[PDB]
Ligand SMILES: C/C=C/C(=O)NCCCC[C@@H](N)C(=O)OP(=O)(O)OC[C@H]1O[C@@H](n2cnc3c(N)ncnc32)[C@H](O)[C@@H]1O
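First, one chain by itself: the form deposited without the ligand, in structure tokens.
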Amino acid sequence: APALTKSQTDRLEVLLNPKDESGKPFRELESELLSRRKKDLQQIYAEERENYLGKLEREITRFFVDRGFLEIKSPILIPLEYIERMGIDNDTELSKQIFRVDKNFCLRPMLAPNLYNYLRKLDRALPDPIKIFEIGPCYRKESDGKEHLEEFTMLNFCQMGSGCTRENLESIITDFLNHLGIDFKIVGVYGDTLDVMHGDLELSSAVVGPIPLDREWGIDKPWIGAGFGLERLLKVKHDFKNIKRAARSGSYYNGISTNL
């Protein structure tokens, strides 16, 4: 043709949208996709102008607010002491995966610690049950088959008090995903942990408490809750072949390359 080299193939891949549908040389093939991508950006810029990550967050938010959950925006930079009290003693391996800042703080790898503190505090003022959720940045260092972003966006919703049954947790999860239009399958001995899967991809691990950990945070009460990664949801929804197309990036905007 000649056969495109791997490098040229990779370059073309970067300019390829799932929707896009031999002979021609690298030059024209690339020049074709380049104008398509520019046209895509021009359409976005002309009509909507909303970012996928931002928009999803706004949509996830209307969802939970519309049905009783209080919107939480807690600190992204948390005390290391919070991570230990979660069961990740400096001994565990996950301890190295945490991005530290100073000899005290770090980058919140999950939303749990801050929601725990909120459940405790709010239980002294809000009627039963207590429903909350938080959408925001999280951090974990990666290795191996890195289909994992180091800077990702999490959605953690939870309820405490009445109705905290695996039947209800499953229902919230189901309405939630059918709302977003994302195909999934639920799978679950005791210490009830649910895995919401999409294909062979784990969409989220849910938890039906109470659990031994509850006591460290002053909870001691029933509760249900699930965590989701927004980027993963976007990867699935938009059929991106690589999760990085849905991450905060300088390289992609709504899954379209910015290196045109």
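Position 1 is the first residue in the sequence shown; the rest follow in order.
Going from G188 to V189, you skip over 4 to 9 residues of the deposited sequence that the entry leaves unmodelled. Count the deposited residues lacking coordinates between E21 and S22 and you get 4 to 9 of them. Look at the C-alpha B-factors of 126-134 and of 96-104. On average they run higher in 96-104. Taking the mean C-alpha B-factor of each stretch as recorded, 232-240 and 12-20 are not equal, and the higher mean is that of 12-20. Ranking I182, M86, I173, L111 by the C-alpha B-factor listed in the PDB entry places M86 at the top. Take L194, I60, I44, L53 and read off each C-alpha B-factor from the entry; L194 has the highest. The PDB entry assigns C158 a C-alpha temperature factor belonging to the lowest third of its chain's modelled residues. Compared with the other modelled residues of the chain, the Cα B-factor recorded for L201 ranks in the highest third. Ranked by C-alpha B-factor against the other modelled residues of its chain, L115 falls in the lowest third.
Sort the modelled residues of the chain by CA B factor and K141 lands in the highest third. The deposited CA B-factor of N178 belongs to the lowest third of values across its chain.
Beyond the structure shown, there is the form solved in complex with the ligand, which is absent from this document and is the topic of what follows.
Screening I78, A112, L177, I72 for any heavy atom within 4.5 Å of the ligand in the deposited complex leaves a single hit, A112.
Contact annotation: the ligand lies within 4.5 Å of heavy atoms from the stretch 200-208 in the deposited complex, the single such stretch among 64-72, 50-58, 200-208, 30-38. The closest heavy atom approach of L149 to the ligand in the deposited complex falls within 4.5 Å.
The ligand in the deposited complex is approached by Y116, whose closest heavy atom lies within 4.5 angstroms of it. Looking at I173, you'd find every heavy atom of it more than 4.5 angstroms from the ligand in the deposited complex. Shown alone here, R140 lies within 4.5 Å of the ligand in the deposited complex, counting heavy atoms only. Along 220-238, a non-hydrogen atom within 4.5 Å of the ligand in the deposited complex is carried by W223, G225, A226, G227, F228, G229, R232, in order along the sequence.
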